[PDB]
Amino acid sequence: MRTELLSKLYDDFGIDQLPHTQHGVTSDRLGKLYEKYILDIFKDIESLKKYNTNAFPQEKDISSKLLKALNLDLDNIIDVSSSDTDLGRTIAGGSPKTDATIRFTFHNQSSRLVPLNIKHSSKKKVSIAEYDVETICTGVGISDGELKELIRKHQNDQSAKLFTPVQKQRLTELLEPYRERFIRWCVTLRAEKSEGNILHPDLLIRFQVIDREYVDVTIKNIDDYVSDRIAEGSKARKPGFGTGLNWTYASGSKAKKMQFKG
């Protein structure tokens, strides 16, 4: 629904002045618009308490989902602030996946930095990242060998079509031990658990947007997201060789490079 706040933002981002033939710019504006949405909802304590009441059904849904994903109670929160994250530096794997942060201050004067990753999409799964096989292996903790070569095969072919059923099963098998580290690294840029580090996202916010309009929002903390993907990857088909991620290629440049949807 185009609530008071969302209307204000669609107007601010001039989303309606964009011709329904300008998909490119419309996607950038939306992506930026929906980051603002989260930022505004958590702009400060006044905003948070305001948007968490039943007077704002939608914002309340969003904020509840966020707080629930962090297992925080609105009553324990004394102050809040939010901002766009822009560190200006890369790390092992490239730029940090943190798009913005939210800082909660509780009663005892302690606080919680919550780096976020926010995307918008009309689909269930969307691109989460692209990497060269070497970076991935380095980040996940996979050394030269059978596993790396099978992955590099995927990279060069830009899919698994040239693989044999034996090789697909084989890849799924060798990867089984690295599943979680793999998933967590793809989306956070770190194989192990993290919390409050502005360099690695704690929550993954996915806005389901169809025909330019808000539909719903999903907010997962990393542990849950990983579980979901692990489960999804345990099915008979074994999506993403067990990772629950969609392996494909980055059409981005000339060098063969892998892309992961999740």
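In this text, residue numbers run from 1 along the sequence as written.
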Entry-level comparison of average CA B-factors, 233-241 and 194-202, reporting the higher stretch:
233-241
May I ask you to compare 223-231 and 62-70 by their mean CA B factor in the entry and name the higher one?
223-231
From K124, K97, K153, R184, can you pick the one with the highest C-alpha B factor in the entry?
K124
Reading the B-factor column of the entry, which of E180, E130, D79, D84 has the highest value at its C-alpha atom?
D79
Could you place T105 in the lowest, middle or highest third of its chain by Cα temperature factor, using the values in the record?
middle
CA B-factor ranking of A55, expressed as a third of its chain
highest
Entry-reported Cα temperature factor of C137, expressed as the chain third it lands in
middle
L162 by Cα B-factor - lowest, middle or highest third of the modelled chain
highest
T90 - which third its CA temperature factor falls in, relative to the rest of the chain:
middle
